[PDB]
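>>> Enclosed are the sequence and the experimentally obtained structure.
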Amino acid sequence: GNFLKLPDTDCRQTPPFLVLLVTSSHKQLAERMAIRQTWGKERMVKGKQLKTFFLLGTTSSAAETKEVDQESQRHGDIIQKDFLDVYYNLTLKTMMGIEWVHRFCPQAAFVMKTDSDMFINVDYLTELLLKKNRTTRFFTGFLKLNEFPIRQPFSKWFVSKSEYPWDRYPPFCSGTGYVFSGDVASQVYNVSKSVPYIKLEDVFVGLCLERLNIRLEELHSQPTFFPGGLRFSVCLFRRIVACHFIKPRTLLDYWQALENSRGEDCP
Ligand SMILES: CC(=O)N[C@H]1[C@H](O[C@H]2[C@@H](O)[C@@H](CO)O[C@H](O[C@@H]3[C@H](O)[C@@H](O)[C@H](O[C@H]4[C@H](O)[C@@H](O)[C@H](O)O[C@@H]4CO)O[C@@H]3CO)[C@@H]2O)O[C@H](CO)[C@H](O)[C@@H]1O
Ligand SMILES: *[C@@H]1O[C@H](CO[C@@H]2O[C@@H](C)[C@@H](O)[C@@H](O)[C@@H]2O)[C@@H](O[C@@H]2O[C@H](CO)[C@@H](O)[C@H](O)[C@H]2NC(C)=O)[C@H](O)[C@H]1NC(C)=O
Ligand SMILES: *[C@@H]1O[C@H](CO)[C@@H](O[C@@H]2O[C@H](CO)[C@@H](O)[C@H](O)[C@H]2NC(C)=O)[C@H](O)[C@H]1NC(C)=O
Ligand SMILES: O=c1ccn([C@@H]2O[C@H](COP(=O)(O)OP(=O)(O)O)[C@@H](O)[C@H]2O)c(=O)[nH]1
Ligand SMILES: [Mn+2]
């Protein structure tokens, strides 16, 4: 489907249990390297395969283009299509990831779309997913159920009435990090072209899920996704799935902390 870069992976041969699709801009190589060295590192988690790919568009900068070409050659984990990679094109980026799952990895049990300034606890997420007994039409994250479009015209998330004309958004989950069963990717890709476009990707996915009659659900009886960020502690971070507002150096320090304290107890 018009992909400039495709990861060197074969989901038919080895169906992944969890696929992470990470959004980042071209210049954010430090982010991607920190992820590749921490929670993005591919491995078996309780015998389940984890795969990690980075979603990129294109840029006018020839230097950044060359950097990303070299990075894809070195790492083989970039999914790319020809669209200007800017904040207000994040919907295209998300749909690219979903398209990739649909076309090349329909075997994935679960897919997480996530920001790059994130800590992800794949071990705890896997444990909760294996416990949920939800393998189809499943979508979770930080649920946002009573959202009103932001009409402050200079706000980062401003939408005009022509861009989104109704008083409330559909139910959706924070774009910082949400998780869905793999079949959901095909259903969303199928309905996407008939659903009204909006430049905020997490709202757009919510519109698609609503058209599909897919209901959002909480992953666990306790909160596990934290778009607002969290005060760090080892014992807390062992029992969450996702935390936002984490720069690369911090991500590396937190990962080291969890390694250093492996084998201690907590509650
Ligand atoms: C994190 C997230 O999921 N973002 C989505 C966003 O969610 C925000 C929305 O629910 C609003 C509703 O009032 O509340 C939260 O946002 C807070 C403030 O209301 C918001 O104004 C602020 O945003 C920026 C702020 O305007 C600036 O002055 C400040 O300098 O920087 C702020 C961030 O850059 O942020 C806080 C918390 O983030 C929710 O976070 O909803 C939109 C759609 O409206 C979209 O789906 C986002 O993906
Ligand atoms: C997810 O399911 C497990 C297993 O329960 C069995 O399989 C399910 C698909 C469903 O058909 C159940 O009725 C089956 O009994 C649940 O874990 C078990 O739950 C029972 C009752 O609480 C308990 O006796 C077992 O020891 C549990 N552990 C096992 C079987 O390993 C689990 O509760 C289900 N998850 C949720 C969120 O309900
Ligand atoms: C999102 O990406 C699309 C595709 O790259 C952009 O649309 C193109 O914009 C360039 C100029 O930036 C035009 O020359 C092309 O004709 C457009 N092509 C298509 C297919 O749209 C779009 O501008 C980007 N969005 C934002 C907000 O930057
Ligand atoms: O041109 C862009 C801008 C942002 N992003 C990614 O989109 C997500 C949201 O951006 P950011 O974290 O800057 O927004 P915030 O969390 O501050 O609202 C992050 O993973 C960015 O790396 C991207 O892929 N391309
Ligand atoms: Mn972010």
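Okay, I see it. Numbering: from 1, shown residues only. Ligands and ions are numbered 1, 2, ... in the order given.
>>> And residue 54, its phi and psi?
phi -110, psi 130 (degrees, to the nearest 10).
>>> swap that for residue 77, please
Torsion angles, degrees, to the nearest 10, at residue 77: phi -130, psi 20.
>>> what about it, neighbour count?
21 (other Cβ atoms under 10 Å). Any C-beta I mention is one placed from the backbone N, CA and C, and that applies to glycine too.
>>> Apart from its chain neighbours, what residue comes closest to whatever residue of the stretch 101-250 of the chain ends up closest to ligand 4?
As assessed by Cβ to the nearest ligand atom, ligand 4 sits closest to residue 115 within the stretch 101-250 of the chain, at 3.5 Å. Distances taken as Cβ to Cβ, 6 or more residues apart in numbering place residue 176 nearest to residue 115, at 4.8 Å, with adjacent residues excluded.
>>> Please list all residues in contact with that neighbour.
Counting by Cβ atoms under 8 Å, 6 or more residues apart in numbering, residue 176 makes contact with 114, 115, 118, 142, 225, 227, 242, 244.
>>> Sitting in strands, which of those do you find?
114, 118, 225, 242, 244 (DSSP state E).
>>> Filter the residues you listed down to the buried ones and hand me the PyMOL line.
Buried residues among the ones in strands among the contacts of residue 176 (16 or more other Cβ atoms under 10 Å), as a PyMOL selection:
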select buried, resi 114+118+225+242+244
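>>> Using TSV, please lay out the ones in strands among the contacts of residue 176 together with distance to ligand 1.
What follows is the ones in strands among the contacts of residue 176, written out as TSV (distance: Cβ to the nearest ligand atom, whole Å):
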residue	distance to ligand 1
114	12
118	11
225	10
242	11
244	7
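>>> Of the ones in strands among the contacts of residue 176, just say which sits nearest to residue 28.
Nearest to residue 28 among the ones in strands among the contacts of residue 176: residue 118, at 12.2 Å, using Cβ to Cβ.
>>> Just list whatever residues bridge to that closest one.
Per DSSP bridges, the residues bridged to residue 118 are residue 244.
>>> ok, it - contacts?
Per Cβ under 8 Å, 6+ apart, neighbours of residue 118: 176, 177, 242, 243, 244, 246, 251.
>>> Check whether the helix or strand hosting the last one comes near ligand 4.
Okay, so that is residue 251. Assessed by DSSP states H and E, residue 251 sits inside helix 248-261. No: contact between helix 248-261 and ligand 4 is absent, the nearest approach being 11.2 Å (criterion: Cβ under 6 Å from any ligand atom).
>>> Any buried residues in that helix, and which?
For helix 248-261, burial by neighbour count (16+ other Cβ under 10 Å) applies to 248, 251, 252, 254, 255, 258.
>>> If we only consider the residues you listed, which is nearest to residue 171?
residue 251 (29.6 Å).
>>> In this structure the closest one contacts residue 40, no?
No: applying Cβ atoms under 8 Å, one finds residue 251 not in contact with residue 40, separated by 10.0 Å.
>>> Angles on the backbone of residue 140, please.
Torsion angles, degrees, to the nearest 10, at residue 140: phi -150, psi 170.
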